[PDB]
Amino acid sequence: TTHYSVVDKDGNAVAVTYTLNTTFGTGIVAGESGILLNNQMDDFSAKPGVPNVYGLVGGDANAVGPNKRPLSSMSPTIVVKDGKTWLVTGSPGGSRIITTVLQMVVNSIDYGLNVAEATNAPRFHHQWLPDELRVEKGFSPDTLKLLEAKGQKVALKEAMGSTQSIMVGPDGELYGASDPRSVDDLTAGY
């Protein structure tokens, strides 16, 4: 998955999240088309109670079926402030997309962080199963010990996501931020 955001001179906004599922998908090009084929079928629940590549589980609702669209976690998102488009965001991360985007919203609204600050802040994640509080590097040892004392099972893992966001000021001014987790990306305008 990869996510990108756009805001034009008129104030129109678009947030797109699209994917082949895993990196390069199946890695299979379709004949002489030069087009790589997705492995999105793994997003269905293959068997009730058995996790897929992201540790997600399902039952009848997300069971494989002909012509059915497998359940996704992709979350291109727009937050509105004072009746106007304010934050345009989204991110890759399979099951972690929901929590990564959630954190962008909380960081912006509750902590008042500018779009770059919200983007560079560390991320944590809990998806019920497996029962673990996944965290990135960046949280205070004092905080992590308090979480363990609360009963959380902290697991330090790989960095999560690649947010590509745009915040719109009260005067139409635009503010953007690419993710430190992704090299060679870019947020630019005019």
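The first residue of the sequence shown is number 1, and the count goes up from there.
When the C-alpha B-factors of 47-55 and 144-152 are averaged, 144-152 comes out higher.
Mean CA B-factor, 117-125 versus 130-138: the higher value falls on 130-138.
By the numbers in the PDB entry, the CA B factor is greatest at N67 among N67, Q40, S165, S162. Among the modelled residues of the chain, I35 sits in the middle third by CA temperature factor in this PDB entry. Sorting the modelled residues of the chain by their CA temperature factor places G176 in the middle third.
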